[PDB]
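K.L.:
According to the entry's author numbering, the sequence shown is numbered sequentially starting from 3720. Note that the Cβ used here is the ideal one computed from N, Cα and C, for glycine as well.
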Amino acid sequence: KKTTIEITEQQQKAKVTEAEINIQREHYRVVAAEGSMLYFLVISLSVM
């Protein structure tokens, strides 16, 4: 009875931690995206 309630709490804490990352995925998309865009430019620069 206890371990079933303690699993349903964890599953509700899972959806909250999945939501709060998927928000902080979009906040740092702009930072990451800029990093990627600059690397492919740096690879092109190797070829010349």
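Start and end of the alpha helix (DSSP H) containing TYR3758?
P.N.:
Taken as a continuous stretch (DSSP letters only), the alpha helix (DSSP H) holding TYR3758 covers 3748–3766.
K.L.:
If you run the structure through DSSP and keep just helix, strand and coil, what is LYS3732?
P.N.:
Helix.
K.L.:
In angstroms with no decimal places, state the Cα-to-Cα distance between residue 3769 and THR3722.
P.N.:
Limits of the chain in this structure are 3720 at one end and 3767 at the other, which puts residue 3769 out of reach.
K.L.:
Only counting the same chain, and skipping five residues up and downstream in sequence, which positions put a Cβ closer than 6 Å to that of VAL3735?
P.N.:
None.
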